[PDB]
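Here is the structure we will look at.
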Amino acid sequence: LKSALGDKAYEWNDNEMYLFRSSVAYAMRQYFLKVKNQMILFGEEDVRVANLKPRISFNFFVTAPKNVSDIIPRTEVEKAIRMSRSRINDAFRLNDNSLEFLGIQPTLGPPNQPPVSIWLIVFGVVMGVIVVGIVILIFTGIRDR
Amino acid sequence: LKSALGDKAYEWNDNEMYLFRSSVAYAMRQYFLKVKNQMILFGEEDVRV
Amino acid sequence: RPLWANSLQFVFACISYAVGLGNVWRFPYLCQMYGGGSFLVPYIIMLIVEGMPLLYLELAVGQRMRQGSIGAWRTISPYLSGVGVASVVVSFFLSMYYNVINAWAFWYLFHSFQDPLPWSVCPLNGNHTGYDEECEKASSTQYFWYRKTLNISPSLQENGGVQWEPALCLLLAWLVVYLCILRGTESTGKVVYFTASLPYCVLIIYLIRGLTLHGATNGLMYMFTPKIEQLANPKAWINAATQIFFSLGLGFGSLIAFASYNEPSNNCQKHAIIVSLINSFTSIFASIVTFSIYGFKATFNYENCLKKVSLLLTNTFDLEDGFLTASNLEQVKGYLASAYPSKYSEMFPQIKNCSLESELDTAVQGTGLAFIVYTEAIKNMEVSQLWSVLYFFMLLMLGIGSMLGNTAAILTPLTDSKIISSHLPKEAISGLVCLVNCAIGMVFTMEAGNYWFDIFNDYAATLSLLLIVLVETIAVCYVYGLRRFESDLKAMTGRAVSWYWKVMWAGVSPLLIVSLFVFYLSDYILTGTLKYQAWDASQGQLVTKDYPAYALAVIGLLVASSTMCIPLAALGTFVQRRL
Ligand SMILES: *[C@@H]1O[C@H](CO)[C@@H](O[C@@H]2O[C@H](CO)[C@@H](O)[C@H](O)[C@H]2NC(C)=O)[C@H](O)[C@H]1NC(C)=O
Ligand SMILES: *[C@@H]1O[C@H](CO)[C@@H](O[C@@H]2O[C@H](CO)[C@@H](O)[C@H](O)[C@H]2NC(C)=O)[C@H](O)[C@H]1NC(C)=O
Ligand SMILES: *[C@@H]1O[C@H](CO)[C@@H](O)[C@H](O)[C@H]1NC(C)=O
Ligand code: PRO
Ligand SMILES: [Cl-]
């Protein structure tokens with residue numbers, strides 16, 4: 001927190017863990033609607049949390065709605081969160097560098113916007129003016145022989 | 001939605017009503033902690049729509 | 001011959017021929033090489049014994065003999081004809097590499113119209129998740145100056161083929177100088193005048209933007225504090241002296257041509273001081289701007305050595321975030337040893353021993369101190385495009401001025417021989433010179449170009465100028481001098497020369513120059529070989545490698561074919577005069 005928000009940073013009481021668990025359940029609800037076309041009513045009690053600490057770094061995992069022995073495989077939780085990370089972030093005002101998930105890293109945005117090679121353009125134009133000069137000068141030169 | 005977001009606007013399915021109910025429950029949890037110093041475990045099923 | 005005008009010009013031409021890139025570009029790089037306050041003292045000492053009196057001597061000789069840089073010496077003792085030819089060869093070698101600086105300034109100014117600035121963000125790697133490898137070990141700007149503008153190969157042995165972009169920029173720089181030298185020095189006053197006035201309204205803007213950066217006093221307290229330890233390093237003193245002789249132009253035989261035209265009613269003793277001081281002063285001014293901005297960069301680097309490590313600590317043994325600033329840093333670094341020795345034994349070899357004294361000294365070492373620093377203060381401004389345009393326009397203007405001077409010094413003794421100005425008009429002499437120099441300057445733009453530029457920057461000029469300023473003085477004051485010379489009188493009328501100028505350029509200049517010469521050779525001979533600084537991309541830090549053989553040969557030839565013309569001309573007279 002104190003890195004991202006710097007100040008104005010709220011404190012992390014259990015009402016925040018509640019919101020986090022509920023938002024993760026929302027993300028899981030969304031994934032099993034637009035990929036697998038099912039309707040699974042995840043709840044905030046299906047997101048088990050462990051090893052809370054000062055750094056606030058915990059572990060969590062998700063189980064089926066009412067089946068305690070049914071753990072959703074990790075490689076699907078890693079996809080639901082990839083889908084709705086941009087919406088989990090702003091719920092806490094964090095910015096993808098203060099809400100690390102340690103195994104899911106962002107990667108979307110390469111650089112290629114120049115259509116015209118501005119350097120070339122400018123160089124081109126400039127050389128023009130100077131050539132004009134070093135041509136016309138030569139003529140006024142033969143003018144005064 | 002379509003006014004504020006204009007575009008990129010998501011759609012309002014029941015997974016959004018779930019998030020809304022849960023967030024309102026969170027707000028209520030916070031109010032009864034810094035005003036009345038109680039601890040009341042509101043849930044998403046206590047927000048009737 | 002044609003003359004001057006208004007008079008107030010002559011001194012503006014001298015000021016514009018001396019304020020060039022020897023002050024805003026080469027003096028900071030030098031002062032950084034040898035420790036800052038270990039390069040100033042020598043500077044002043046020199047300037048008050050061997051920089052001012054020889055300037056006065058050169059202007060007086062160029063005014064009384066009334067002729068160019070070769071005709072002036074033949075008229076003293078025709079056995080001394082060579083000195084003009086050496087003074088032309090040196091200026092040729094100088095311009096040949098001096099123009100590539102204007103070439104690089106053009107390239108940067110051209111790239112400074114994009115958005116965002118190309119040296120402000122680093123490219124994305126092979127999986128669009130993070131910056132490239134060289135741009136994390138090296139800053140962004142060092143990656144730009146070493147791998148987008150140069151493509152510098154990591155060894156003087158692994159050469160390549162002519163690059164494509166900086167060659168074209170060199171072509172443009174030579175076209176601009178050839179276009180400006182279309183009016184003959186005898187009348188290039190306008191351009192001269194304009195330079196200087198320009199390049200002074202900028203340095204003060206950067207002095208107001210420098211001295212308010214956060215962490216800009218550490219750089220000053222480094223640039224000024226003295227170390228009486230490096231007052232032994234002989235290369236420092238020979239570099240001080242050569243720095244001077246390169247900045248004023250003593251030996252290039254140019255100043256002579258200038259104090260040659262000008263009408264013979266001057267008061268030369270007050271056009272030497274007013275030049276010399278200003279030159280030196282401007283250099284000090286530049287060294288206060290750069291070594292402030294530079295200082296800021298250093299602090300920035302150090303700040304990160306505290307963030308990461310601390311964050312590193314914060315990540316490992318865990319710890320409530322926002323708890324390991326700077327003092328707390330040492331605090332916890334100490335309390336984590338005596339508490340968790342299980343992993344402290346394996347993390348301790350990692351903790352990056354990073355402290356301000358180093359990162360302030362080895363940050364931007366090299367010939368690009370004026371290119372990979374002034375960007376570290378342009379990528380931290382309000383509207384960076386306009387202000388980068390300003391700074392690089394300043395550099396380009398200074399370079400064009402200096403190059404005007406050099407090309408005039410090489411054309412004056414070529415457009416005087418009734419033989420040559422008989423079957424080649426006055427428009428194709430300048431053309432021939434510019435074409436030849438641009439066709440030879442294509443060796444500095446290969447994939448191993450910066451090393452050849454370092455060679456041509458380190459031996460030629462400096463050594464030649466030195467070895468010459470001695471024969472000049474011993475010619476004017478023990479072959480035909482003091483006597484007939486002090487008989488200046490009707491020339492100006494200043495009734496004499498002050499007995500603080502007779503002593504200084506008849507019995508202190510030669511002693512000190514010869515002493516310094518032997519004092520430098522006593523290190524070059526016993527050192528063994530010579531070492532240069534390569535890039536070594538795989539790490540992003542300059543390493544040192546000993547020169548190959550033929551590079552040593554070229555170092556030898558660049559001094560031989562410039563200080564061995566005087567005795568050859570002496571022999572040419574002694575043996576010509578036979579029948
Ligand atoms: C809870 O989830 C588990 C899966 O982890 C279900 O167990 C499966 O049961 C079927 C038939 O009963 C077996 O064929 C599978 O092999 C079981 N899974 C595993 C991993 O062994 C269990 O049925 C679920 N509970 C309920 C009430 O449906
Ligand atoms: C950073 O400093 C520490 C301590 O000054 C160095 O740790 C020492 O490493 C040497 C090996 O060169 C050992 O012989 C010492 O016993 C170590 N000291 C302690 C207190 O453990 C560390 O090597 C330095 N880092 C680097 C990269 O040189
Ligand atoms: C990274 O990019 C390559 C394409 O260059 C792709 O084939 C590969 O699967 C990607 N790897 C990961 C881990 O995303
Ligand atoms: O003035 C000259 O001739 C060059 C450029 C500045 C210092 N030396
Ligand atoms: Cl100087």
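Lettering and numbering for the structure tokens are positional, with chains as A, B, ... in the shown order, residues counted from 1 in each chain, and ligands counted from 1 in the shown order.
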With a cut-off of 6 Å, could you pull out the residues of chain C touching ligand 5 and give me the nearest pair of atoms for each, distance in Å to one decimal, using only C-alpha atoms and all ligand atoms, ordered by chain and ascending number, as JSON lines?
{"residue": "C:22", "atom": "CA", "partner": "ligand 5", "partner_atom_place_in_ligand_line": "1 (Cl)", "distance": 5.9}
{"residue": "C:23", "atom": "CA", "partner": "ligand 5", "partner_atom_place_in_ligand_line": "1 (Cl)", "distance": 5.1}
{"residue": "C:244", "atom": "CA", "partner": "ligand 5", "partner_atom_place_in_ligand_line": "1 (Cl)", "distance": 5.4}
{"residue": "C:247", "atom": "CA", "partner": "ligand 5", "partner_atom_place_in_ligand_line": "1 (Cl)", "distance": 4.9}
{"residue": "C:280", "atom": "CA", "partner": "ligand 5", "partner_atom_place_in_ligand_line": "1 (Cl)", "distance": 5.3}
{"residue": "C:283", "atom": "CA", "partner": "ligand 5", "partner_atom_place_in_ligand_line": "1 (Cl)", "distance": 5.4}
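Residues in contact range of residue 227 in chain C, defined as at most 9 Å between only C-alpha atoms, with sequence neighbours fewer than 4 positions away removed, read residues 35, 37, 38 and 231 of chain C.
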Polymer residues at most 12 Å from residue 2 in chain B, only C-alpha atoms, same-chain spacing of 6 or more positions, as a list in words
residues 8, 9, 10, 11 and 12 of chain B
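With CA of residue 103 in chain A on one side and CA of residue 78 in chain A on the other, the separation reads 8.1 Å.
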Quick one: everything within 9 Å of residue 368 in chain C, counting only C-alpha atoms, minus sequence neighbours fewer than 6 positions away in the same chain. Send it as a list in words.
residues 25, 29 and 145 of chain C
Would you put the residues from that selection into a file with N, CA, C and O atoms, as an mmCIF file, in the first residue's frame?
data_model
loop_
_atom_site.group_PDB
_atom_site.id
_atom_site.type_symbol
_atom_site.label_atom_id
_atom_site.label_comp_id
_atom_site.auth_asym_id
_atom_site.auth_seq_id
_atom_site.Cartn_x
_atom_site.Cartn_y
_atom_site.Cartn_z
ATOM 1 N N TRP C 25 32.575 20.758 -24.375
ATOM 2 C CA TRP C 25 32.534 19.327 -24.635
ATOM 3 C C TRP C 25 33.771 18.599 -24.140
ATOM 4 O O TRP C 25 33.648 17.594 -23.434
ATOM 5 N N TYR C 29 34.736 16.423 -20.165
ATOM 6 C CA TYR C 29 35.202 15.046 -20.292
ATOM 7 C C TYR C 29 36.592 14.871 -19.685
ATOM 8 O O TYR C 29 36.833 13.930 -18.915
ATOM 9 N N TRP C 145 23.269 5.847 -26.961
ATOM 10 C CA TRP C 145 24.514 6.340 -27.528
ATOM 11 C C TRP C 145 25.494 5.231 -27.869
ATOM 12 O O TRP C 145 26.442 5.481 -28.608
#
Name the residues in contact with residue 13 in chain B at a cut-off of 12 Å, using only C-alpha atoms, excluding same-chain residues fewer than 2 positions from it; report them as a count of residues only.
14
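Considering only C-alpha atoms, the residue among A:77, A:88, A:120, A:72 positioned nearest to chain B is A:88.
The two atoms in question, atom 26 (C, counted along the ligand's line) of ligand 1 and CA of residue 45 in chain A, are spaced 17.3 Å apart.
Of the listed residues (C:134, C:115, C:58, C:318), C:318 comes nearest to chain A; the distances count only C-alpha atoms.
Listed by chain and then residue number, the contacts of ligand 3 are residues 107 of chain A; 126, 127, 128 and 129 of chain C (distance at most 9 Å, using only C-alpha atoms and all ligand atoms).
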Which residues form the shell of 9 Å around ligand 4 when you count only C-alpha atoms and all ligand atoms, given as a ChimeraX atom specification?
/C:14-23,26,91,94,98,243-250,252,254-255,398-399,401-403,405-406,409
Could you report the residues within 7 Å of ligand 2, using only C-alpha atoms and all ligand atoms, as number ranges by chain?
C: 348-353
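The spacing separating CA of residue 156 in chain C from CA of residue 93 in chain C amounts to 20.8 Å.
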Taking only residues of chain A that have an atom at most 8 Å from an atom of ligand 1, what is each one's shortest atom pair and its distance in Å to one decimal, using only C-alpha atoms and all ligand atoms, in chain and number order, as a Markdown table?
| residue | atom | partner | partner_atom_place_in_ligand_line | distance |
| --- | --- | --- | --- | --- |
| A:64 | CA | ligand 1 | 2 (O) | 7.5 |
| A:66 | CA | ligand 1 | 27 (C) | 7.8 |
| A:67 | CA | ligand 1 | 1 (C) | 4.9 |
| A:68 | CA | ligand 1 | 1 (C) | 6.9 |
| A:69 | CA | ligand 1 | 1 (C) | 5.3 |
| A:70 | CA | ligand 1 | 5 (O) | 3.9 |
| A:71 | CA | ligand 1 | 5 (O) | 6.6 |
Please identify all polymer residues within 12 Å of range 34-39 of chain B, counting only C-alpha atoms, omitting same-chain residues fewer than 3 positions from it, and present them as a list in words.
residues 13, 14 and 15 of chain A; 27, 28, 29, 30, 31 and 42 of chain B
Would you save the residues of that selection, restricted to C-alpha atoms, as a PDB file, in the first residue's frame?
ATOM      1  CA  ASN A  13      -8.389  -4.752   8.377  1.00  0.00           C
ATOM      2  CA  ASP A  14     -10.545  -7.835   7.887  1.00  0.00           C
ATOM      3  CA  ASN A  15     -13.213  -5.847   6.076  1.00  0.00           C
TER       4      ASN A  15
ATOM      5  CA  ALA B  27     -19.480  -0.488   3.253  1.00  0.00           C
ATOM      6  CA  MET B  28     -21.887  -1.444   6.019  1.00  0.00           C
ATOM      7  CA  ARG B  29     -19.185  -3.511   7.699  1.00  0.00           C
ATOM      8  CA  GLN B  30     -16.927  -0.476   7.705  1.00  0.00           C
ATOM      9  CA  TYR B  31     -19.535   1.882   9.124  1.00  0.00           C
ATOM     10  CA  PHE B  42     -22.921  -8.462   7.099  1.00  0.00           C
TER      11      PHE B  42
END
Restrict the distance test to only C-alpha atoms, flag each residue of chain C within 7 Å of chain A, and return the flagged residues as a ChimeraX atom specification.
/C:110-111,114,124,128-129,172,176,179,318-322
